[PDB]
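Enquirer: Taking the authors' numbering, the leading residue of the sequence shown gets 1, the next gets one more, and so forth. Below is a structure I'd like to ask you about.
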Amino acid sequence: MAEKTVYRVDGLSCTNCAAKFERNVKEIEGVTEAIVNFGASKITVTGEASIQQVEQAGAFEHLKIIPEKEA
């Protein structure tokens, strides 16, 4: 279809880690865009990927990212 999704992330609070994270996502080939609102919010992925890969990437700090599944 056009797989944009946004998931909540929690634990961390560092811009450098935000930067490293969005970059980590961008360096995955399955995604097209991603917008990481780290601090106390959420991570948008857009392309044809799922948090699983981003989550794996986040093993650097062991983030937990929960799908903000509406309904």
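Backbone N, C-alpha and C define an ideal beta-carbon position, used for all residues, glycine too.
(1) In the DSSP output, which residue or residues are listed as bridge partners for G47?
(2) Based on Cα-Cα distance, which residue from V6, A2 and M1 lies nearest to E70?
(3) What residues match up with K64 in a beta bridge as DSSP calls it?
(4) In chain order, what residues of the same chain have a beta carbon less than 8 angstroms from the beta carbon of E68, not counting five sequence neighbours either side?
(5) Express the C-alpha separation of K4 and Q56 in angstroms, rounding to a whole number.
(6) Beta-carbon within less than 8 angstroms of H62's beta-carbon, same chain only, minus the 5 sequence neighbours each way: which residues are those?
Expert: A quick look at the data gives this:
(1) Bridge partners of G47 according to DSSP: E3 and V31.
(2) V6
(3) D10
(4) Result list for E68: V6, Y7, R8 and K42, in chain order.
(5) 19 angstroms
(6) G11
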